[PDB]
């Protein structure tokens, strides 16, 4: 049978793991959250532990859904890359630089492993339904080996290039929009509040008009409900928009709006809202 290990059981990771289970793949999970692991076991997983060292040696594919490159490197190099069998594939689905994706791929290739630069999007709901959007780049060997996984976790896979790096570049550009949209939504709702317009009313209008955005609809519900419990933290976009900034600077390209959004999220973090839901950026107002 096909064995796939999912490392990182956050909202996106759990969705992927459940989608793999529905697809009938032998699924293993790894996360420091004992409750995420227990749920997966209760749902049919072959195994679930704090790390993937217990099953890395038998999986045909390992999917890594973590926050940053540092965490990807920690999972791979108590690392598990050296335990993986020749020909197995590693699908890196985080938000890293093109350089890091290439550096990581080179290290894995040396171990006769295939890597797919495959950052994802689509939201937690879509993920739970196996309807992720994947922006991937990598060898034919990686794409072929991971087909069972991609078919299970995703509904839209975009093959950007045949070499690691391009996928992460696309993800970076995508995060520019995600970040700016959250900040713009916050700016508009704070103005609405200041103008005396009920936020629930403002929310309904926008979500039924031409000014709507996926991020407005998703994040501004948190604002209307006054629930800043972190789904995705402010600090995530401080990091992501920082990566966007670096990419643009390397290309000598100006970012009027992305630089502004980065400053807004950065202000929200210095104000102490760094670990709160990213919609908390509205608090700088």
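Positions refer to the first chain, counted from 1.
Might you work out how many residues are unmodelled in the deposited sequence between residue 77 and residue 78, and answer none, 1 to 3, 4 to 9, or 10 or more?
1 to 3 residues are missing.
For the higher mean C-alpha B factor in the entry, choose 202-210 or 94-102.
It is 94-102 that shows the higher mean C-alpha B-factor.
Averaging CA B factors per stretch from the PDB record, which one is higher: 79-87 or 116-124?
Higher mean C-alpha B-factor in the PDB entry: 79-87.
Highest CA temperature factor in the entry: which of 245, 257, 251, 52?
Of the candidates given, the C-alpha B-factor peaks at 52.
Options 61, 234, 67, 241 - largest CA temperature factor per the record:
Comparing C-alpha B-factors across 61, 234, 67, 241, the top value belongs to 67.
Splitting the chain's C-alpha B-factors into thirds, which one does residue 163 fall into?
CA B-factor rank for residue 163: highest third.
Hey, what third does residue 150 fall into on Cα B-factor, ranked over its chain?
As the PDB entry reports it, the C-alpha B-factor of residue 150 lands in the middle third of its chain.
Considering every modelled residue of the chain and its Cα B-factor in the PDB entry, is residue 14 in the lowest, middle or highest third?
Ranked within chain, residue 14 CA B lands in the highest tercile.
Lowest, middle or highest third: which one holds residue 139 when the chain's residues are ordered by CA B-factor from the entry?
It belongs to the middle third of the chain when residues are ordered by C-alpha B-factor.
Select lowest, middle or highest to describe the third in which the CA B-factor of residue 175 falls within its chain in this entry.
Lowest third.
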